[PDB]
$ cat target_9.pdb   # PDB, C-alpha atoms
ATOM      1  CA  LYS A   3      28.751  74.167 -39.270
ATOM      2  CA  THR A   4      26.850  74.432 -35.986
ATOM      3  CA  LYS A   5      23.123  74.367 -35.248
ATOM      4  CA  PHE A   6      23.551  77.451 -33.033
ATOM      5  CA  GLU A   7      24.297  80.613 -34.993
ATOM      6  CA  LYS A   8      24.234  82.907 -31.957
ATOM      7  CA  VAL A   9      25.077  81.935 -28.404
ATOM      8  CA  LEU A  10      24.685  83.728 -25.081
ATOM      9  CA  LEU A  11      26.726  82.693 -22.030
ATOM     10  CA  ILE A  12      25.422  84.007 -18.701
ATOM     11  CA  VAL A  13      28.056  84.013 -15.977
ATOM     12  CA  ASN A  14      27.447  84.251 -12.243
ATOM     13  CA  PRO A  15      30.819  85.661 -11.107
ATOM     14  CA  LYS A  16      30.274  84.129  -7.684
ATOM     15  CA  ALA A  17      29.749  80.662  -9.120
ATOM     16  CA  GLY A  18      32.260  77.842  -8.945
ATOM     17  CA  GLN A  19      34.645  76.474  -6.349
ATOM     18  CA  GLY A  20      37.587  78.494  -7.626
ATOM     19  CA  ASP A  21      37.898  82.080  -8.763
ATOM     20  CA  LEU A  22      36.388  83.896 -11.746
ATOM     21  CA  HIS A  23      39.544  83.924 -13.847
ATOM     22  CA  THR A  24      40.303  80.271 -13.302
ATOM     23  CA  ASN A  25      36.716  79.257 -14.038
ATOM     24  CA  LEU A  26      36.607  81.332 -17.195
ATOM     25  CA  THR A  27      39.864  79.758 -18.401
ATOM     26  CA  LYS A  28      38.107  76.427 -18.118
ATOM     27  CA  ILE A  29      34.823  77.221 -19.819
ATOM     28  CA  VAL A  30      35.149  80.082 -22.268
ATOM     29  CA  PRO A  31      37.807  78.889 -24.758
ATOM     30  CA  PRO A  32      36.092  75.728 -26.047
ATOM     31  CA  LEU A  33      32.892  77.761 -26.383
ATOM     32  CA  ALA A  34      34.606  80.612 -28.165
ATOM     33  CA  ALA A  35      36.328  78.138 -30.493
ATOM     34  CA  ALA A  36      33.124  76.285 -31.291
ATOM     35  CA  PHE A  37      30.684  79.191 -31.646
ATOM     36  CA  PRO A  38      31.715  82.035 -34.009
ATOM     37  CA  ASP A  39      29.203  84.476 -32.414
ATOM     38  CA  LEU A  40      29.293  84.321 -28.661
ATOM     39  CA  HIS A  41      28.027  86.896 -26.215
ATOM     40  CA  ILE A  42      29.122  86.778 -22.593
ATOM     41  CA  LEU A  43      27.337  88.619 -19.790
ATOM     42  CA  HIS A  44      28.093  88.632 -16.092
ATOM     43  CA  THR A  45      25.186  88.845 -13.642
ATOM     44  CA  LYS A  46      25.406  91.557 -10.960
ATOM     45  CA  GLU A  47      22.303  91.093  -8.848
ATOM     46  CA  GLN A  48      19.582  88.563  -8.269
ATOM     47  CA  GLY A  49      17.169  88.754 -11.192
ATOM     48  CA  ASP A  50      19.826  89.549 -13.832
ATOM     49  CA  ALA A  51      19.929  86.045 -15.277
ATOM     50  CA  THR A  52      16.137  86.158 -15.654
ATOM     51  CA  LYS A  53      16.313  89.568 -17.350
ATOM     52  CA  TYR A  54      19.121  88.502 -19.697
ATOM     53  CA  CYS A  55      17.190  85.391 -20.706
ATOM     54  CA  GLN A  56      14.107  87.432 -21.462
ATOM     55  CA  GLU A  57      16.040  90.039 -23.421
ATOM     56  CA  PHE A  58      18.043  87.597 -25.551
ATOM     57  CA  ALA A  59      15.427  84.853 -25.926
ATOM     58  CA  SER A  60      14.375  86.002 -29.420
ATOM     59  CA  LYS A  61      17.904  86.931 -30.451
ATOM     60  CA  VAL A  62      20.004  83.816 -29.799
ATOM     61  CA  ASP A  63      19.784  80.096 -30.520
ATOM     62  CA  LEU A  64      21.485  78.846 -27.375
ATOM     63  CA  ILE A  65      21.597  80.216 -23.839
ATOM     64  CA  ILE A  66      24.317  78.794 -21.585
ATOM     65  CA  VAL A  67      24.172  79.379 -17.842
ATOM     66  CA  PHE A  68      27.252  79.098 -15.622
ATOM     67  CA  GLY A  69      26.009  78.918 -12.052
ATOM     68  CA  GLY A  70      24.225  77.073  -9.268
ATOM     69  CA  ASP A  71      20.628  75.927  -8.873
ATOM     70  CA  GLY A  72      19.431  79.434  -8.039
ATOM     71  CA  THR A  73      20.861  80.878 -11.261
ATOM     72  CA  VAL A  74      19.549  77.939 -13.332
ATOM     73  CA  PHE A  75      16.123  78.463 -11.789
ATOM     74  CA  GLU A  76      16.269  82.138 -12.768
ATOM     75  CA  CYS A  77      16.731  80.963 -16.331
ATOM     76  CA  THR A  78      13.872  78.416 -16.160
ATOM     77  CA  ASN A  79      11.535  81.072 -14.885
ATOM     78  CA  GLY A  80      12.893  83.558 -17.370
ATOM     79  CA  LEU A  81      12.360  81.349 -20.397
ATOM     80  CA  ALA A  82       9.414  79.146 -19.541
ATOM     81  CA  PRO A  83       6.615  81.687 -20.057
ATOM     82  CA  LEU A  84       7.994  82.961 -23.382
ATOM     83  CA  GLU A  85       6.652  82.179 -26.861
ATOM     84  CA  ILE A  86      10.149  81.854 -28.176
ATOM     85  CA  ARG A  87      12.626  79.788 -26.146
ATOM     86  CA  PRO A  88      16.161  78.960 -27.292
ATOM     87  CA  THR A  89      17.978  75.779 -26.370
ATOM     88  CA  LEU A  90      19.360  75.935 -22.842
ATOM     89  CA  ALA A  91      22.616  74.510 -21.417
ATOM     90  CA  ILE A  92      24.055  74.417 -17.897
ATOM     91  CA  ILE A  93      27.596  74.569 -16.668
ATOM     92  CA  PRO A  94      27.350  73.507 -13.031
ATOM     93  CA  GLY A  95      28.598  76.279 -10.737
ATOM     94  CA  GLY A  96      26.882  75.460  -7.458
ATOM     95  CA  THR A  97      27.167  72.580  -5.004
ATOM     96  CA  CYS A  98      24.102  70.520  -6.015
ATOM     97  CA  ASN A  99      23.577  71.327  -9.679
ATOM     98  CA  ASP A 100      20.542  69.022  -9.604
ATOM     99  CA  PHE A 101      19.304  69.714 -13.071
ATOM    100  CA  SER A 102      22.755  69.576 -14.649
ATOM    101  CA  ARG A 103      23.063  66.109 -13.111
ATOM    102  CA  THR A 104      19.710  65.116 -14.552
ATOM    103  CA  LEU A 105      21.154  65.909 -18.019
ATOM    104  CA  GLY A 106      24.270  63.899 -17.216
ATOM    105  CA  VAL A 107      26.435  66.987 -17.462
ATOM    106  CA  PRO A 108      30.020  66.434 -16.213
ATOM    107  CA  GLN A 109      30.548  68.193 -12.884
ATOM    108  CA  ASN A 110      34.045  69.218 -14.004
ATOM    109  CA  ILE A 111      33.234  72.587 -15.558
ATOM    110  CA  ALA A 112      35.879  72.271 -18.278
ATOM    111  CA  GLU A 113      34.252  68.988 -19.376
ATOM    112  CA  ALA A 114      30.777  70.518 -19.119
ATOM    113  CA  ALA A 115      31.785  73.346 -21.502
ATOM    114  CA  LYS A 116      33.211  70.852 -24.009
ATOM    115  CA  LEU A 117      29.998  68.801 -23.828
ATOM    116  CA  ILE A 118      28.009  71.867 -24.966
ATOM    117  CA  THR A 119      30.386  71.918 -27.907
ATOM    118  CA  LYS A 120      29.035  68.535 -29.010
ATOM    119  CA  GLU A 121      25.573  70.026 -29.376
ATOM    120  CA  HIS A 122      23.545  66.984 -28.190
ATOM    121  CA  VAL A 123      20.068  68.250 -27.503
ATOM    122  CA  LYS A 124      16.858  66.733 -26.193
ATOM    123  CA  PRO A 125      13.360  67.860 -25.231
ATOM    124  CA  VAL A 126      12.696  68.253 -21.545
ATOM    125  CA  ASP A 127       9.343  68.611 -19.802
ATOM    126  CA  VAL A 128       8.535  71.630 -17.619
ATOM    127  CA  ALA A 129       6.011  71.527 -14.795
ATOM    128  CA  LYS A 130       3.389  74.153 -13.896
ATOM    129  CA  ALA A 131       1.945  74.519 -10.393
ATOM    130  CA  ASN A 132      -0.795  77.153  -9.997
ATOM    131  CA  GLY A 133       0.723  78.946 -12.995
ATOM    132  CA  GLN A 134       4.264  78.741 -11.638
ATOM    133  CA  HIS A 135       6.958  76.794 -13.555
ATOM    134  CA  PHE A 136       9.350  74.279 -12.007
ATOM    135  CA  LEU A 137      12.008  71.981 -13.423
ATOM    136  CA  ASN A 138      12.874  69.848 -10.418
ATOM    137  CA  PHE A 139      10.285  69.402  -7.730
ATOM    138  CA  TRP A 140       7.237  70.600  -5.841
ATOM    139  CA  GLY A 141       7.009  69.690  -2.136
ATOM    140  CA  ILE A 142       4.934  70.285   1.004
ATOM    141  CA  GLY A 143       5.949  69.086   4.481
ATOM    142  CA  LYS A 162      15.885  73.387   0.553
ATOM    143  CA  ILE A 163      16.020  69.650  -0.182
ATOM    144  CA  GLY A 164      19.689  69.218   0.705
ATOM    145  CA  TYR A 165      18.867  70.472   4.189
ATOM    146  CA  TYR A 166      15.416  68.948   4.755
ATOM    147  CA  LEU A 167      16.874  65.521   3.975
ATOM    148  CA  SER A 168      19.631  65.934   6.577
ATOM    149  CA  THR A 169      17.186  66.393   9.467
ATOM    150  CA  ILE A 170      15.004  63.575   8.136
ATOM    151  CA  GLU A 177       4.010  66.383  12.197
ATOM    152  CA  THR A 178       1.501  64.485  10.039
ATOM    153  CA  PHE A 179      -1.193  66.237   7.998
ATOM    154  CA  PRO A 180      -4.195  65.087   5.926
ATOM    155  CA  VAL A 181      -4.086  65.350   2.151
ATOM    156  CA  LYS A 182      -6.431  64.675  -0.727
ATOM    157  CA  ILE A 183      -4.937  64.087  -4.177
ATOM    158  CA  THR A 184      -6.800  63.876  -7.474
ATOM    159  CA  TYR A 185      -4.725  62.737 -10.415
ATOM    160  CA  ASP A 186      -6.135  62.060 -13.859
ATOM    161  CA  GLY A 187      -9.604  61.363 -12.483
ATOM    162  CA  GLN A 188      -8.616  59.153  -9.555
ATOM    163  CA  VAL A 189      -8.065  60.182  -5.943
ATOM    164  CA  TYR A 190      -5.938  59.537  -2.872
ATOM    165  CA  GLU A 191      -6.812  60.510   0.699
ATOM    166  CA  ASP A 192      -4.573  59.884   3.682
ATOM    167  CA  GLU A 193      -2.356  61.139   6.484
ATOM    168  CA  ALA A 194       1.040  62.163   5.125
ATOM    169  CA  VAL A 195       4.229  63.563   6.579
ATOM    170  CA  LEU A 196       5.572  64.535   3.139
ATOM    171  CA  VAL A 197       4.089  65.121  -0.314
ATOM    172  CA  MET A 198       6.111  65.573  -3.454
ATOM    173  CA  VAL A 199       5.761  65.976  -7.173
ATOM    174  CA  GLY A 200       8.954  65.238  -9.061
ATOM    175  CA  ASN A 201      10.253  65.987 -12.527
ATOM    176  CA  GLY A 202      14.015  66.060 -12.116
ATOM    177  CA  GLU A 203      16.108  62.957 -11.580
ATOM    178  CA  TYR A 204      18.365  64.407  -8.874
ATOM    179  CA  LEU A 205      17.701  66.151  -5.574
ATOM    180  CA  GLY A 206      20.300  67.658  -3.267
ATOM    181  CA  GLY A 207      23.211  66.643  -5.457
ATOM    182  CA  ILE A 208      22.173  62.967  -5.438
ATOM    183  CA  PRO A 209      19.778  60.724  -7.344
ATOM    184  CA  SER A 210      16.150  61.501  -6.524
ATOM    185  CA  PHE A 211      14.621  59.244  -3.876
ATOM    186  CA  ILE A 212      11.520  59.011  -6.123
ATOM    187  CA  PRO A 213      11.845  55.770  -8.128
ATOM    188  CA  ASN A 214      11.972  56.102 -11.913
ATOM    189  CA  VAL A 215      11.227  59.833 -11.999
ATOM    190  CA  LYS A 216      12.265  61.142 -15.469
ATOM    191  CA  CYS A 217      12.468  64.705 -16.775
ATOM    192  CA  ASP A 218      11.171  63.721 -20.247
ATOM    193  CA  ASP A 219       8.630  60.870 -19.884
ATOM    194  CA  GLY A 220       5.589  63.147 -20.213
ATOM    195  CA  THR A 221       4.339  62.639 -16.660
ATOM    196  CA  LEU A 222       4.950  63.858 -13.133
ATOM    197  CA  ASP A 223       5.714  61.612 -10.158
ATOM    198  CA  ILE A 224       3.542  61.935  -7.084
ATOM    199  CA  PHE A 225       5.314  60.666  -3.997
ATOM    200  CA  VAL A 226       3.712  60.568  -0.564
ATOM    201  CA  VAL A 227       5.311  59.420   2.652
ATOM    202  CA  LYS A 228       2.599  58.314   5.057
ATOM    203  CA  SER A 229       2.684  59.004   8.792
ATOM    204  CA  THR A 230       3.938  55.426   9.176
ATOM    205  CA  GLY A 231       6.440  55.228   6.335
ATOM    206  CA  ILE A 232       9.192  57.382   7.830
ATOM    207  CA  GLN A 233      11.511  54.416   8.407
ATOM    208  CA  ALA A 234      11.029  52.991   4.907
ATOM    209  CA  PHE A 235      11.512  56.435   3.422
ATOM    210  CA  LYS A 236      14.811  56.839   5.251
ATOM    211  CA  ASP A 237      15.904  53.730   3.355
ATOM    212  CA  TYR A 238      15.051  55.150  -0.092
ATOM    213  CA  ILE A 239      17.403  58.123   0.443
ATOM    214  CA  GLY A 240      20.700  57.853  -1.429
ATOM    215  CA  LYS A 241      19.651  54.968  -3.684
ATOM    216  CA  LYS A 242      18.686  55.081  -7.377
ATOM    217  CA  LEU A 243      15.772  52.642  -7.366
ATOM    218  CA  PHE A 244      13.543  51.742 -10.292
ATOM    219  CA  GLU A 245      10.869  49.701  -8.542
ATOM    220  CA  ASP A 246       8.714  50.635  -5.532
ATOM    221  CA  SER A 247       9.037  48.989  -2.124
ATOM    222  CA  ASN A 248       6.338  49.827   0.438
ATOM    223  CA  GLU A 249       2.948  50.241  -1.264
ATOM    224  CA  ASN A 250       1.604  50.450   2.289
ATOM    225  CA  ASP A 251       3.792  53.147   3.817
ATOM    226  CA  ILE A 252       4.524  55.132   0.659
ATOM    227  CA  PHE A 253       2.220  56.143  -2.183
ATOM    228  CA  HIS A 254       3.816  56.644  -5.604
ATOM    229  CA  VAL A 255       2.021  57.157  -8.875
ATOM    230  CA  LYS A 256       2.653  58.862 -12.199
ATOM    231  CA  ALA A 257       0.113  61.341 -13.527
ATOM    232  CA  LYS A 258      -0.273  64.216 -16.001
ATOM    233  CA  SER A 259      -2.897  66.306 -14.207
ATOM    234  CA  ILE A 260      -2.765  66.631 -10.464
ATOM    235  CA  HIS A 261      -4.734  68.399  -7.790
ATOM    236  CA  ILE A 262      -3.545  68.492  -4.196
ATOM    237  CA  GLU A 263      -5.781  69.636  -1.366
ATOM    238  CA  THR A 264      -5.049  69.861   2.357
ATOM    239  CA  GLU A 265      -7.041  70.407   5.557
ATOM    240  CA  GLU A 266      -5.410  73.766   6.224
ATOM    241  CA  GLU A 267      -3.428  75.833   3.752
ATOM    242  CA  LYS A 268       0.216  74.699   3.721
ATOM    243  CA  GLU A 269       3.264  76.353   2.158
ATOM    244  CA  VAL A 270       4.889  74.931  -0.972
ATOM    245  CA  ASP A 271       8.587  74.531  -1.763
ATOM    246  CA  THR A 272      10.058  74.298  -5.281
ATOM    247  CA  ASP A 273      13.400  74.360  -7.062
ATOM    248  CA  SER A 276       9.134  80.889  -4.532
ATOM    249  CA  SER A 277       5.632  81.304  -3.113
ATOM    250  CA  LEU A 278       2.837  78.780  -3.506
ATOM    251  CA  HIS A 279       0.506  77.015  -1.112
ATOM    252  CA  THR A 280      -2.359  74.527  -1.149
ATOM    253  CA  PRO A 281      -4.713  73.939  -2.724
ATOM    254  CA  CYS A 282      -2.789  73.446  -5.965
ATOM    255  CA  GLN A 283      -3.283  72.298  -9.570
ATOM    256  CA  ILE A 284      -0.335  70.822 -11.444
ATOM    257  CA  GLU A 285       0.125  70.398 -15.197
ATOM    258  CA  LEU A 286       3.058  69.188 -17.270
ATOM    259  CA  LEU A 287       4.318  70.928 -20.418
ATOM    260  CA  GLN A 288       5.750  68.162 -22.540
ATOM    261  CA  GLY A 289       9.027  68.936 -24.293
ATOM    262  CA  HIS A 290       8.709  72.613 -23.355
ATOM    263  CA  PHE A 291      12.477  73.185 -23.310
ATOM    264  CA  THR A 292      15.231  71.806 -25.441
ATOM    265  CA  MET A 293      18.451  71.272 -23.502
ATOM    266  CA  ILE A 294      22.041  70.267 -24.102
ATOM    267  CA  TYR A 295      22.749  66.929 -22.471
ATOM    268  CA  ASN A 296      25.201  64.013 -22.272
ATOM    269  CA  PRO A 297      24.150  60.945 -24.272
ATOM    270  CA  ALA A 298      27.226  59.056 -22.976
ATOM    271  CA  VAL A 299      25.641  59.184 -19.525
ATOM    272  CA  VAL A 300      21.948  59.845 -20.209
TER     273      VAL A 300
END
$ encode --input "target_9.pdb" --output "structure tokens"
Amino acid sequence: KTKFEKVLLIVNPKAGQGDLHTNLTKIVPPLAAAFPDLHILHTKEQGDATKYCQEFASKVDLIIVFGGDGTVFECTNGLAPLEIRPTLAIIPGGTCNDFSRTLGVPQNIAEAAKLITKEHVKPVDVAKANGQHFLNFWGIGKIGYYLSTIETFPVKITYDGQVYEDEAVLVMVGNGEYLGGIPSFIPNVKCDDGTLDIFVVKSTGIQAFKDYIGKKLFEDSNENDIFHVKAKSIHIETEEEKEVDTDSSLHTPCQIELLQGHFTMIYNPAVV
């Protein structure tokens, strides 16, 4: 007997290295075997995943998304503002699959589908920036590309009553544990620790920051060239309005809040 009476699987037909038929041979059978009421819908256009989430949110217990970061993000945005939000699961169908990695989901899609079958679920925090939800990151100054080509601007940050003023080349607020297919360069960021990670690279910390990239660090290095703190309530102000990037249209100034345990998600306890 399962804890998910009704299941929806959303499929992006474009997703996955291989072709639709081959992908579906890998993921559907274990799901169909495990869940006696399973509804499968293909997306057709941008926005469909969001609409399916919103339509089935009160009707199913588990929503599974097969697709890349864009499709996953459609789901996050679809579900986050709703009063009733089923458990969510991801089968990685893009190149980065940042949030699936955060949950320790196998990148082999057959293995990812079988994982869902084990029904291991945990609460995950969801961020809100100026009334916009994000799962992974908020940044001023997507990630897979910006890193590859890795000027200064003043910033003022208030976070739980304290403040930080300085000249920064990059400002980020992290929730997810992976960015651009690899471990987040923000040390000890966690999707479920009840706080957000502020990470600032100062005009002078470019070199040091280059060093952080790639590594999974747990302690900080350059308190002088890089500012890193954890906070629950964050306000970021700049000299001139700047544009914001997330997992979208925001811009400074900006208030950020964290919704603790807002989603429940399937994950891999053998890895995370």
$ residues_around --input "target_9.pdb" --residues "stretch 130-138 of chain A" --least-positions-apart "5" --cutoff "7 Å" --atoms "all atoms listed in the file" --output "ChimeraX atom specification"
/A:79,82,101,200-202,272-273,282-286
$ resolve_selection --input "target_9.pdb" --expression "the PyMOL selection byres ((chain A and resi 235-241) around 12)" --output "VMD selection string"
chain A and resid 163 to 164 166 to 170 195 to 196 203 to 214 225 to 234 242 to 254
$ resolve_selection --input "target_9.pdb" --expression "the PyMOL selection byres ((chain A and resi 113) around 12)" --output "JSON list (two decimals) with C-alpha atoms, in the coordinates of the input"
[["chain", "number", "residue", "atom", "x", "y", "z"],
["A", 25, "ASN", "CA", 36.72, 79.26, -14.04],
["A", 28, "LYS", "CA", 38.11, 76.43, -18.12],
["A", 29, "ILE", "CA", 34.82, 77.22, -19.82],
["A", 30, "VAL", "CA", 35.15, 80.08, -22.27],
["A", 31, "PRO", "CA", 37.81, 78.89, -24.76],
["A", 32, "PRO", "CA", 36.09, 75.73, -26.05],
["A", 33, "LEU", "CA", 32.89, 77.76, -26.38],
["A", 92, "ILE", "CA", 24.06, 74.42, -17.90],
["A", 93, "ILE", "CA", 27.60, 74.57, -16.67],
["A", 94, "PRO", "CA", 27.35, 73.51, -13.03],
["A", 106, "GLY", "CA", 24.27, 63.90, -17.22],
["A", 107, "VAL", "CA", 26.44, 66.99, -17.46],
["A", 108, "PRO", "CA", 30.02, 66.43, -16.21],
["A", 109, "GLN", "CA", 30.55, 68.19, -12.88],
["A", 110, "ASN", "CA", 34.04, 69.22, -14.00],
["A", 111, "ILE", "CA", 33.23, 72.59, -15.56],
["A", 112, "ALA", "CA", 35.88, 72.27, -18.28],
["A", 114, "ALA", "CA", 30.78, 70.52, -19.12],
["A", 115, "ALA", "CA", 31.78, 73.35, -21.50],
["A", 116, "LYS", "CA", 33.21, 70.85, -24.01],
["A", 117, "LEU", "CA", 30.00, 68.80, -23.83],
["A", 118, "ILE", "CA", 28.01, 71.87, -24.97],
["A", 119, "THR", "CA", 30.39, 71.92, -27.91],
["A", 120, "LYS", "CA", 29.04, 68.54, -29.01],
["A", 296, "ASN", "CA", 25.20, 64.01, -22.27]]
$ atom_distance --input "target_9.pdb" --atom1 "atom CA of residue A:199" --atom2 "atom CA of residue A:85"
25.5 Å
$ residues_near_point --input "target_9.pdb" --point "(2.3, 57.3, -9.8)" --cutoff "6 Å" --atoms "all atoms listed in the file" --output "mmCIF file with C-alpha atoms, in the frame of the given file"
data_model
loop_
_atom_site.group_PDB
_atom_site.id
_atom_site.type_symbol
_atom_site.label_atom_id
_atom_site.label_comp_id
_atom_site.auth_asym_id
_atom_site.auth_seq_id
_atom_site.Cartn_x
_atom_site.Cartn_y
_atom_site.Cartn_z
ATOM 1 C CA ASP A 223 5.714 61.612 -10.158
ATOM 2 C CA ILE A 224 3.542 61.935 -7.084
ATOM 3 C CA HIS A 254 3.816 56.644 -5.604
ATOM 4 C CA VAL A 255 2.021 57.157 -8.875
ATOM 5 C CA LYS A 256 2.653 58.862 -12.199
ATOM 6 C CA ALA A 257 0.113 61.341 -13.527
#
$ atom_distance --input "target_9.pdb" --atom1 "atom CA of residue A:68" --atom2 "atom CA of residue A:278"
27.3 Å
$ closest_residue --input "target_9.pdb" --among "A:293, A:184, A:139, A:179" --to "residue A:271" --atoms "all atoms listed in the file"
A:139
$ residues_near_point --input "target_9.pdb" --point "(-7.6, 62.3, -9.2)" --cutoff "9 Å" --atoms "all atoms listed in the file" --output "ChimeraX atom specification"
/A:182-190,257,259-262
$ write_last_selection --input "target_9.pdb" --atoms "C-alpha atoms" --output "mmCIF file, in the frame of the given file"
data_model
loop_
_atom_site.group_PDB
_atom_site.id
_atom_site.type_symbol
_atom_site.label_atom_id
_atom_site.label_comp_id
_atom_site.auth_asym_id
_atom_site.auth_seq_id
_atom_site.Cartn_x
_atom_site.Cartn_y
_atom_site.Cartn_z
ATOM 1 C CA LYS A 182 -6.431 64.675 -0.727
ATOM 2 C CA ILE A 183 -4.937 64.087 -4.177
ATOM 3 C CA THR A 184 -6.800 63.876 -7.474
ATOM 4 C CA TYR A 185 -4.725 62.737 -10.415
ATOM 5 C CA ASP A 186 -6.135 62.060 -13.859
ATOM 6 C CA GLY A 187 -9.604 61.363 -12.483
ATOM 7 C CA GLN A 188 -8.616 59.153 -9.555
ATOM 8 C CA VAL A 189 -8.065 60.182 -5.943
ATOM 9 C CA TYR A 190 -5.938 59.537 -2.872
ATOM 10 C CA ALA A 257 0.113 61.341 -13.527
ATOM 11 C CA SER A 259 -2.897 66.306 -14.207
ATOM 12 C CA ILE A 260 -2.765 66.631 -10.464
ATOM 13 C CA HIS A 261 -4.734 68.399 -7.790
ATOM 14 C CA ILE A 262 -3.545 68.492 -4.196
#
$ resolve_selection --input "target_9.pdb" --expression "the PyMOL selection byres ((chain A and resi 97) around 9)" --output "ChimeraX atom specification"
/A:18-19,70-71,94-96,98-100,206-207
$ write_last_selection --input "target_9.pdb" --atoms "C-alpha atoms" --output "PDB file, keeping the file's coordinate frame"
ATOM      1  CA  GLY A  18      32.260  77.842  -8.945  1.00  0.00           C
ATOM      2  CA  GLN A  19      34.645  76.474  -6.349  1.00  0.00           C
ATOM      3  CA  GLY A  70      24.225  77.073  -9.268  1.00  0.00           C
ATOM      4  CA  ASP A  71      20.628  75.927  -8.873  1.00  0.00           C
ATOM      5  CA  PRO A  94      27.350  73.507 -13.031  1.00  0.00           C
ATOM      6  CA  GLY A  95      28.598  76.279 -10.737  1.00  0.00           C
ATOM      7  CA  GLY A  96      26.882  75.460  -7.458  1.00  0.00           C
ATOM      8  CA  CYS A  98      24.102  70.520  -6.015  1.00  0.00           C
ATOM      9  CA  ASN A  99      23.577  71.327  -9.679  1.00  0.00           C
ATOM     10  CA  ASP A 100      20.542  69.022  -9.604  1.00  0.00           C
ATOM     11  CA  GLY A 206      20.300  67.658  -3.267  1.00  0.00           C
ATOM     12  CA  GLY A 207      23.211  66.643  -5.457  1.00  0.00           C
TER      13      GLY A 207
END
$ atom_distance --input "target_9.pdb" --atom1 "atom CA of residue A:15" --atom2 "atom CA of residue A:27"
13.0 Å
$ residues_around --input "target_9.pdb" --residues "residue A:55" --least-positions-apart "6" --cutoff "7 Å" --atoms "all atoms listed in the file" --output "count of residues only"
3
$ residues_around --input "target_9.pdb" --residues "stretch 41-48 of chain A" --least-positions-apart "4" --cutoff "10 Å" --atoms "all atoms listed in the file" --output "list in words"
residues 8, 9, 10, 11, 12, 13, 14, 15, 16, 30, 34, 37, 52, 53, 54, 62, 65, 66, 67, 68, 72, 73 and 76 of chain A
$ decode --input "target_9.pdb" --residues "stretch 247-258 of chain A" --atoms "N, CA, C and O atoms" --output "PDB file, in the first residue's frame"
ATOM      1  N   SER A 247      36.310  30.887   3.105  1.00  0.00           N
ATOM      2  CA  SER A 247      37.734  31.144   2.933  1.00  0.00           C
ATOM      3  C   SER A 247      38.107  32.611   3.145  1.00  0.00           C
ATOM      4  O   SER A 247      38.858  32.930   4.069  1.00  0.00           O
ATOM      5  N   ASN A 248      37.585  33.502   2.303  1.00  0.00           N
ATOM      6  CA  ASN A 248      38.069  34.887   2.277  1.00  0.00           C
ATOM      7  C   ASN A 248      37.109  35.924   2.850  1.00  0.00           C
ATOM      8  O   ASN A 248      36.539  36.715   2.100  1.00  0.00           O
ATOM      9  N   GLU A 249      36.951  35.941   4.170  1.00  0.00           N
ATOM     10  CA  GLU A 249      36.041  36.885   4.819  1.00  0.00           C
ATOM     11  C   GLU A 249      36.258  38.322   4.351  1.00  0.00           C
ATOM     12  O   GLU A 249      35.415  39.194   4.581  1.00  0.00           O
ATOM     13  N   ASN A 250      37.387  38.566   3.696  1.00  0.00           N
ATOM     14  CA  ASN A 250      37.731  39.905   3.240  1.00  0.00           C
ATOM     15  C   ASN A 250      37.255  40.204   1.826  1.00  0.00           C
ATOM     16  O   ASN A 250      36.852  41.325   1.523  1.00  0.00           O
ATOM     17  N   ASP A 251      37.307  39.199   0.960  1.00  0.00           N
ATOM     18  CA  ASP A 251      36.999  39.397  -0.449  1.00  0.00           C
ATOM     19  C   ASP A 251      35.598  38.890  -0.792  1.00  0.00           C
ATOM     20  O   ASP A 251      35.038  39.217  -1.840  1.00  0.00           O
ATOM     21  N   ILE A 252      35.037  38.086   0.102  1.00  0.00           N
ATOM     22  CA  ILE A 252      33.720  37.503  -0.114  1.00  0.00           C
ATOM     23  C   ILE A 252      32.888  37.545   1.162  1.00  0.00           C
ATOM     24  O   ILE A 252      33.340  37.115   2.223  1.00  0.00           O
ATOM     25  N   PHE A 253      31.678  38.086   1.061  1.00  0.00           N
ATOM     26  CA  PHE A 253      30.768  38.114   2.193  1.00  0.00           C
ATOM     27  C   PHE A 253      29.738  36.983   2.072  1.00  0.00           C
ATOM     28  O   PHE A 253      29.081  36.840   1.049  1.00  0.00           O
ATOM     29  N   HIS A 254      29.606  36.184   3.125  1.00  0.00           N
ATOM     30  CA  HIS A 254      28.658  35.087   3.133  1.00  0.00           C
ATOM     31  C   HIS A 254      27.994  35.012   4.483  1.00  0.00           C
ATOM     32  O   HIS A 254      28.666  34.878   5.510  1.00  0.00           O
ATOM     33  N   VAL A 255      26.673  35.112   4.495  1.00  0.00           N
ATOM     34  CA  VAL A 255      25.939  34.956   5.737  1.00  0.00           C
ATOM     35  C   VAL A 255      24.638  34.222   5.462  1.00  0.00           C
ATOM     36  O   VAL A 255      24.166  34.184   4.321  1.00  0.00           O
ATOM     37  N   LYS A 256      24.067  33.630   6.504  1.00  0.00           N
ATOM     38  CA  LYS A 256      22.757  33.006   6.392  1.00  0.00           C
ATOM     39  C   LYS A 256      21.715  33.863   7.069  1.00  0.00           C
ATOM     40  O   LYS A 256      21.940  34.349   8.162  1.00  0.00           O
ATOM     41  N   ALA A 257      20.573  34.062   6.422  1.00  0.00           N
ATOM     42  CA  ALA A 257      19.525  34.883   7.019  1.00  0.00           C
ATOM     43  C   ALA A 257      18.133  34.461   6.564  1.00  0.00           C
ATOM     44  O   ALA A 257      17.986  33.824   5.528  1.00  0.00           O
ATOM     45  N   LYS A 258      17.112  34.803   7.346  1.00  0.00           N
ATOM     46  CA  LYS A 258      15.739  34.443   6.984  1.00  0.00           C
ATOM     47  C   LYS A 258      15.001  35.564   6.264  1.00  0.00           C
ATOM     48  O   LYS A 258      14.109  35.302   5.468  1.00  0.00           O
TER      49      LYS A 258
END
